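The form solved without this ligand is given below as one chain in structure tokens.
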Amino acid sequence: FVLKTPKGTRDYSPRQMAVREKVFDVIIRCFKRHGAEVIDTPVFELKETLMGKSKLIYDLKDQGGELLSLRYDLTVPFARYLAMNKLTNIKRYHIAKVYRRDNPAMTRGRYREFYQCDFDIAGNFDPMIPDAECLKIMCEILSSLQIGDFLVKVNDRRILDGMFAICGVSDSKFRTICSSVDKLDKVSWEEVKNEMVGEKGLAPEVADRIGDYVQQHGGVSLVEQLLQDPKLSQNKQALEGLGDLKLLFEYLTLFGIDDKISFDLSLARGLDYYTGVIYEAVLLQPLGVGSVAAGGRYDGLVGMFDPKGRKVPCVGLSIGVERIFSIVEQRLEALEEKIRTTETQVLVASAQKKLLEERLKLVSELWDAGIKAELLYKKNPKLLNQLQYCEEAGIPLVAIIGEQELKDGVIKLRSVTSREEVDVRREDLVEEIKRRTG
């Protein structure tokens, strides 16, 4: 028996926490900027609640009591929360860890316990305003994180259904074909066409029509082009999706995030789940380095719990904080710069021995002034040792107490980086420290 974190789980070191706090602050400042509420659900539900949901779910031991399970997803707790509280409309964000028992590849992003970061608007509202807002929120956060240039792919579920029927895929092969088409971002169309015809028996005359549609990406001008398409115009659901899309593009143009959006018909994810617009956010090297965010409209899923069977229309977005965390730390790592694990702005030190009690008095005053102060728990620490500690922790200043300095009543402040000393009056010292550090 080795002491280890469970297979698939990880601790978070102070540096990692600092990185995770830095990004969570940006994302939540944006969520609050859009006037969202926040909720929290327990880490486990009753099993009854999750059965019928891929059954890679951790389950607690019976232990006499009724069976329970760690949440594998945020939304089913969301639906339970809305049905339990008799609400059909709410705007909120939930940030919390989820638990799926799957093989974990550390090199790969996969981990058994990982953060999920969701923002949702639920309710019957005029069409597309909430969706446009969701898109704006995605671009705000990714732009603010400064992790390079991003682009957002959007599509619609209805267009996929209509385009696939008109092109000529059967209904039960349709999900499999979609799984193939979605890889066009990471692979080539000759390759997914070979995969489709060869591995899944789809006719080449149906694959080479799906090709003429899916290899097509652009802006609003492509929704107009496809509105003009004779075959597509005939299809009703394709018509619905395109109409919603034309409207969405207009709202984004008002938002000013129009340039960073791309209509792309290759995109096909979460079909079981999404009923309207589907969007994915990816980093740019015009080549995507990975998928950083996702969003969708899922009217069907939220209302499952209600006895009546009423559907609560919902639109939302999920942010891949776990890639964002790694990318941010590596950027720091590439620089090779040390990351502050503490916010201490001053350290109290005395060169001379026997001044420990006085320092304690000084440190307390700083604490009661709301200053982030520290001191070494040694009766007579050496000045050199104290300074090294400051350099390592990134502490900007050192406050030195000396018998000579004390008589004057002044306190000597030395900048660690510049190694320059100034003598300050005790009353002023607090304000001097404040001026020095925000």
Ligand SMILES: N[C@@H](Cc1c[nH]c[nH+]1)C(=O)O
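Sequential numbering from 1, following the sequence displayed. Here the rigid core means the biggest group of C-alpha atoms that line up within 1.5 Å when the two forms are laid on top of each other.
In what follows, reference is made to the form solved in complex with this ligand, a form of this protein that is not presented.
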property	result
Clash verdict for this ligand in the entry with it bound, overlaid onto the shown chain (3 or more atoms within 2.4 angstroms of backbone or C-beta)	open
Contact test in the entry with it bound: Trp367 vs this ligand, heavy atoms, 4.5 Å	no
Touches this ligand in the entry with it bound: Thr275 (any heavy atom, 4.5 Å)	no
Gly162, heavy atom within 4.5 angstroms of this ligand in the entry with it bound	no
This ligand contact at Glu329 in the entry with it bound, heavy atom, 4.5 Å	no
Region of this chain that lies against this ligand in the entry with it bound, out of 168-176, 264-272, 241-249, 351-359 [heavy atom, 4.5 Å]	264-272
Of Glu113, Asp185, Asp118, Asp229, the one that lies within 4.5 Å of this ligand in the entry with it bound (heavy atoms)	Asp118
Of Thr75, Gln237, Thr88, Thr344, the one that lies within 4.5 Å of this ligand in the entry with it bound (heavy atoms)	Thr75
Rigid-core fit between this form and the one not shown, the member of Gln228, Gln215, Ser221, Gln352 whose C-alpha shifts 2 angstroms or more	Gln352
Rigid core superposed: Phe249 CA moves 2 Å or more between this form and the one not shown	no
Core-superposed comparison between this form and the one not shown, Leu429 Cα displacement 2 Å or beyond	yes
Core-aligned CA displacement of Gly300 at least 2 Å between this form and the one not shown	no
Pairwise C-alpha change, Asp102 versus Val292, in the entry with it bound against this form - closer or farther, 3 angstroms or more	closer
